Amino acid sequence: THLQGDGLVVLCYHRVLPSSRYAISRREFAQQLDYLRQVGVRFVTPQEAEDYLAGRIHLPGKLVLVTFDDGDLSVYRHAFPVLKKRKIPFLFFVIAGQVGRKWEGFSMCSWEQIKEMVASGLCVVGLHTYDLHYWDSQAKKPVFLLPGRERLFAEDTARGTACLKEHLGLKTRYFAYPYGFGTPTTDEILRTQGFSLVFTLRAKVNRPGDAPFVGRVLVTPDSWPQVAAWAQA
């Protein structure tokens, strides 16, 4: 996690929970947001981020976009009140086919709960596949990057966008790769299906002219000092 200079850093959170893996505590989460704001970081909307990275609106200074991956209930139960009380926008990348279910041991937000967050004007929902968030340990890569799977990826993506449109009544501009990475083949499928931004877990400071690709910092105990130092600097 190497971060220097003015530009857009995009944070990737998953769960806001007290005892789980890939989770940050409610208290710690709020303290992180507070610290960033305290030292002068500007929190940006997904639309602002797109116009910034596309250099279509113009700059300046130190920018941050908050994002969450998967659809965990804790985003509604614990993250959302923190965000709402601070009026901080965020992008929620959901596994559209796992919404309203238990997924890998965790309750997911329901559609009612996602809708309520969208209604606040703070939450924009993106797609995190429909139901292709699976890892192949034999091949050491995600199922959607396995050979001969480009068709399956295209169909899943189209299903995901259709599903979000049906529930939220909105075209889906934003996509996040499960496990953080794609190929030129999958990038192109996303482009032709109308996505304006494609988010990865490449930890970098994003600058105007980087669109459509956005590097995100996965927030961990080890990566936070780097973001905080970058912010304070």
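When you see a residue number, it is the position in the sequence shown, counting from 1.
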| item | value |
| --- | --- |
| Greater mean Cα temperature factor according to the PDB record, 131-139 or 114-122 | 131-139 |
| Mean temperature factor over C-alpha atoms, higher-scoring stretch between 59-67 and 181-189 | 59-67 |
| Largest Cα B-factor, entry values, listed residues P147, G160, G100, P89 | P147 |
| Per the PDB entry, maximal CA B factor within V41, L197, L201, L164 | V41 |
| Within-chain third of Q32 by Cα B-factor, per the entry | highest |
| Third of the chain's Cα B-factor distribution that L170 belongs to, per the entry | middle |
| Chain-relative CA temperature factor third for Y22 | highest |
| Record-listed C-alpha B factor of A211: chain third | highest |
